[PDB]
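Have a look below at one chain only, the form solved without adenosine-5'-triphosphate, in structure tokens format.
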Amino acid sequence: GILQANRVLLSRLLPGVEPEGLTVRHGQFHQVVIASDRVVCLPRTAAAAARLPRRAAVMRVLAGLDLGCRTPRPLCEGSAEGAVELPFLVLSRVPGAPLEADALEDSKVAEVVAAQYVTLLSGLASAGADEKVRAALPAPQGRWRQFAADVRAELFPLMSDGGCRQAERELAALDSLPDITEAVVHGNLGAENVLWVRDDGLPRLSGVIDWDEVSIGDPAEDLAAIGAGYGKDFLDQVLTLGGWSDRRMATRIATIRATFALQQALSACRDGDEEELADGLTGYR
């Protein structure tokens, strides 16, 4: 296992912690070891090791944004960002748990939850208009054109003909999408990455995790994720409160949202997560 293989390193980083009682989340590039108060990104390849300096810079930049919540703070020293390669990266662990959709059936909760989503997305939107932020995060072009190519290459082989025709209609609108690079975009903002303390009182946003796919891009990508997980009414409430309920934005959201399962499937494919891949491919095979 990953915990077994990196036993010696983990014992230095987490002294006196039994690596039996640790969790592991799979990434495309990093295996992230989850401890009580912190997470250890272990590179899967030397190429992955070479990306961790940049990642440390990215997470530092995110930790200084005004999002109204926490983010995984890098626990390396600043000079780590100057390295060719890192053998690991330690980040603070954001406390709290995800929110089941059930909770949003209460009207006051939904109001409160939507409001804090808005704060977060407004923070991200404004941060993506900052030249120092834009300079530190990736901003790939024709990502939608390219993403469609990656689905056809990497996911169609796992699909039925029916699933492939379904995917094709969904990929069809992508080539028409405007290529927007205006906001900081988490890129995988499903419910499991948005952590709440519902200890005392109504749900209060603790923070946001799993920034692997972060970029300067289109805010509709993150609103789509929320739409996918929580449905139309809750989305609409976020759009109203944030002032993003225009037809142009809504159109983009709907187009991206229709691809969101495929986004999760492509991710699960690349990071070897089999149950996430099965879920994402639900109705495609």
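Numbering starts at 1 and runs along the sequence shown. Think of the rigid core as the biggest set of C-alphas that the two forms share within 1.5 Å after superposition.
There is another form of the same protein, the form deposited with adenosine-5'-triphosphate bound; it is not shown, and what comes next is about it.
request  = Place adenosine-5'-triphosphate, as positioned in the entry with it bound, onto this chain through superposition of its site C-alphas, and say whether the site is open or blocked according to the 2.4 Å backbone and C-beta criterion (3 or more atoms for blocked).
outcome  = Blocked.
If you check 92, 181, 119, 126 against adenosine-5'-triphosphate in the entry with it bound, which one has a heavy atom within 4.5 Å?
-> That would be 92.
Discussion item. Considering non-hydrogen atoms and a 4.5 Å limit, which listed residue (137, 209, 113, 148) is close to adenosine-5'-triphosphate in the entry with it bound?
Written reply: If I apply the 4.5 Å criterion carefully, the residue I get is 209.
| Does at least one non-hydrogen atom of residue 67 fall within 4.5 angstroms of adenosine-5'-triphosphate in the entry with it bound? | Residue 67: no, not in contact with adenosine-5'-triphosphate in the entry with it bound.
(request) Find out whether any non-hydrogen atom of residue 39 is located within 4.5 angstroms of adenosine-5'-triphosphate in the entry with it bound, and reply yes or no. (result) Result yes; residue 39 sits at the interface with adenosine-5'-triphosphate in the entry with it bound.
*Quick one: is residue 244 in contact with adenosine-5'-triphosphate in the entry with it bound, heavy atoms, 4.5 Å cut-off?*
So residue 244 does not count as contacting adenosine-5'-triphosphate.
Residue 29 near adenosine-5'-triphosphate in the entry with it bound, any heavy atom under 4.5 Å?
-> Residue 29: yes, in contact with adenosine-5'-triphosphate in the entry with it bound.
Practice prompt. Please state whether every one of the three residues 154, 257 and 266 places a non-hydrogen atom within 4.5 angstroms of adenosine-5'-triphosphate in the entry with it bound.
Written response: No.
Which is the contacting stretch out of 170 to 178, 101 to 109, 209 to 217, 140 to 148, given heavy atoms within 4.5 Å of adenosine-5'-triphosphate in the entry with it bound? Flagged stretch: 209 to 217.
Using a 4.5 Å cut-off on heavy atoms, what residues in 42 to 76 are near adenosine-5'-triphosphate in the entry with it bound? Contacts from 42 to 76: just 72.
Self-check item: Option from 161, 111, 130, 182 moving between the shown form and the other one, CA shift at or above 2 Å, rigid core reference
Solution: By this measure, the answer is 161.
Aligning on the core only, does the CA of residue 204 end up 2 angstroms or more away between the shown form and the other one?
Comparing the forms between the shown form and the other one, which are aligned on their rigid core, residue 204 does not shift its C-alpha by 2 Å or more.
With a threshold of 2 Å on the C-alpha, tell me if residue 60 counts as moved between the shown form and the other one once the core is superposed. No.
Following rigid core alignment, is the displacement of the residue 213 C-alpha between the shown form and the other one equal to or greater than 2 angstroms?
Shift at residue 213: below 2 Å after core fit.
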